[PDB]
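Quick setup: one chain, the form deposited in one PDB entry, written in structure tokens, and binding and motion questions come after.
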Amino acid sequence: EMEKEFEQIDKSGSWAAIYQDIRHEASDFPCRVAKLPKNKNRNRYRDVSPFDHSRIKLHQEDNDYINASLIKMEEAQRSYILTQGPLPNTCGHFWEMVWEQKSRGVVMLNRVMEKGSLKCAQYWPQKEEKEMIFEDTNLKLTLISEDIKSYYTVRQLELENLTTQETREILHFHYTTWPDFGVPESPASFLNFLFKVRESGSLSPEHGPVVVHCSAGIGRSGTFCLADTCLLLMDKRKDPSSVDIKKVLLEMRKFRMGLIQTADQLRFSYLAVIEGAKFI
């Protein structure tokens, strides 16, 4: 298994080296649209910019820009949209994207406040009776139910396109225990959370791609997708030992920057895949 590789990297303390190597080999593509003056206020400071070739376009004539990328994993037959935590002025854009992309699930891998600082806008309603209206994109969002568990919360939301009165159910999967510094000691809670997302149907082909976000510039989202894709490929290939997390990561990195932002995150991703594969 990659477990053999894992222990060998651990032994030589070569996480930094391996991570730097991946960093160096990773794709570099233009983000010209992201860099336009008119979009300055649509980008979260210290977050990555989306590549032009894989950016998600809002269906609007005047400004189609959102900081979001489509990661399309051909062999695994999974797609994910990775995006930044919504800003005060982009929550309407965010939910417009969810509507337009026919997503069923949103996966949030950070708390609204971390390290005493705000990491994203409060972009969903916190009480059933106090819905949100995003006037710029003409959408209404209602909290339908909320189940708080020790390591994550799941919410049912209702998203209404106010133009057509069509309504959809969106599931919000909120992982609430990622530590302020470093990575989780054990991948167990993170894997359980991934399994809860899968069990919901939010990652499945009958729906648009899941929308995943965390904090600015510090990964997490990439770990979630990388883990999910590696595990799927192990189940599908004739030779599961052939699945190389480093190769899967480099393929995903063709679609967005800043998946895996530290050696520790790389290590944690291997740990989640090893433990998850044992479970599956």
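Here, rigid core means the biggest group of C-alpha atoms that superpose within 1.5 Å across both forms. Note that residue numbering follows the sequence shown and begins at 1.
Here the subject shifts to the form solved in complex with a small molecule, a form of this protein not shown in this document.
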message = Is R220 near the small molecule? Define near as a heavy atom within 4.5 Å, in the bound PDB entry.
response = yes
query = Is there a heavy atom of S215 lying 4.5 Å or less from a heavy atom of the small molecule in the bound PDB entry?
reply = yes
query = Does the small molecule get within 4.5 angstroms of any non-hydrogen atom of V48 in the bound PDB entry?
reply = yes
Core-aligned C-alpha movement of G182 between the shown form and the other one reaching 2 Å = yes
query = Honestly, after the rigid core fit, is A216 moving at least 2 Å at Cα between the shown form and the other one?
reply = yes
query = For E61, is the CA shift between the shown form and the other one at least 2 Å following rigid-core superposition?
reply = no
